[PDB]
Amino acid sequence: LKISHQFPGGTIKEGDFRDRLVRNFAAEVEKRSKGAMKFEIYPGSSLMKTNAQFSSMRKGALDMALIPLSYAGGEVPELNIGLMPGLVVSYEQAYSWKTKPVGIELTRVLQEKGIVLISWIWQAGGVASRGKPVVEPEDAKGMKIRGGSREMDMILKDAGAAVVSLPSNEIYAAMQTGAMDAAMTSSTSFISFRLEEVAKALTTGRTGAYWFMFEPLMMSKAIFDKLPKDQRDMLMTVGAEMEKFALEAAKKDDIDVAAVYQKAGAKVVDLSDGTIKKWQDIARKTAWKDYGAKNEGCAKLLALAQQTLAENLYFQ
């Protein structure tokens, strides 16, 4: 079975946690299945381009991939929820989605489009800038910035930025060549794409973040459904186990990224609660409106996601 992703390749012990994750997944499924299932890992878009992975899975042309979900928001607008500030406020709350109505609905929508959710993965982010740190939304005014998704970019546009769309594996080159002023991506990516080589400032997620992206490990439903039940169950069981690994790895990178950039000479700053709320309040007026209005499926997912915000405040 092939597993494709856009991130740098490494080993089980060392590298981009997403690459490590899928190698641990493969290794554990292999161990448990005793050779019945074997895997081949294709990092760094070595199998196919980043934007071809999702559709290939849907068609059964690609077995598995780990991809930012919202990259597919153009063909399936519902998926734009994968990066949309204000709906996710913490890792605990974001992972809680899985068994709640919002996660059940997201899973249902993906199944209808030919996709199985193997591991939930959420990642906090930040902003790297070729000049001043981008901290407050108003800092984006007049800058050209890659937000990472339609809905992140709708917020940036409101703030007066010009926005640029590209997959994160293309950030390094775009920053290098001055095609943009700043880029948002995950803590892990800031490290693995070596963006300290092409920026002077980093705004981290150490004291919280407004940017959280869903980057799940997924599998073609056409392929998954043809496998024997015992193998299907094993993929799902091991898949769920990977989520604790992703949780711990993303949090560690949220911290470690700061030291990487400091040692490289960058100006490194964090986000206050007040600043984070400013970005989330703009999201409600812009992104949430754009998303909810797109189709009834989006409206439904937005409503269900909002319940998890209330649960986070009012339940224990």
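Position 1 is the first residue in the sequence shown; the rest follow in order.
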message = Please compare 238-246 with 198-206 and say which has the higher mean C-alpha temperature factor in the record.
response = 238-246
remark   = Higher avg CA temperature factor (181-189 vs 99-107, as deposited) belongs to 99-107
ask   = For the listed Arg150, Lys229, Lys157, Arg146, which has the peak Cα B-factor recorded in the PDB entry?
value = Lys229
ask   = For the listed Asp233, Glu170, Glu78, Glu215, which has the peak Cα B-factor recorded in the PDB entry?
value = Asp233
key: Position of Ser45 among the chain's modelled residues by C-alpha B-factor, lowest, middle or highest third   = highest
remark   = The third of the chain into which the C-alpha temperature factor of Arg130 falls is the lowest
note = For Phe224, the third of its chain by CA B-factor is the highest
Within-chain third of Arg18 by Cα B-factor, per the entry = lowest
remark   = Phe39: CA B-factor among chain residues, third -> highest
